[PDB]
Amino acid sequence: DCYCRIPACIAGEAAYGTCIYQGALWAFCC
Numbered sequence: 001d002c003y004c005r006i007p008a009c010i011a012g013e014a015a016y017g018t019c020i021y022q023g024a025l026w027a028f029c030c
């Protein structure tokens with residue numbers, strides 16, 4: 001699964017895109 005994250009993706013994940021949600025840019029991490 002993937003998750004929007006701030007400020008970064010967790011160990012084991014990489015960024016594949018972005019989320020925009022409650023006025024901020026999130027990392028989309030899978």
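Residues in the sequence shown are numbered consecutively from 1, following the entry's author numbering. A virtual CB, placed ideally from N, CA and C, is assigned to each residue, including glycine.
Have a look at residue i and residue j and give me their C-alpha separation to the nearest angstrom.
i: residue 6; j: residue 30; result: 14 angstroms
i: residue 17; j: residue 25; result: 10 angstroms
i: residue 20; j: residue 4; result: 9 angstroms
Looking at the structure shown, is residue i part of a helix, part of a strand, or coil, going by DSSP?
i: residue 24; result: strand
List the residues that DSSP assigns as beta-bridge partners of residue i.
i: residue 29; result: 3 and 15
Taking all protein chains shown into account, decide if residue i is buried (16 or more other Cβ within 10 angstroms of its Cβ) or exposed.
i: residue 27; result: buried
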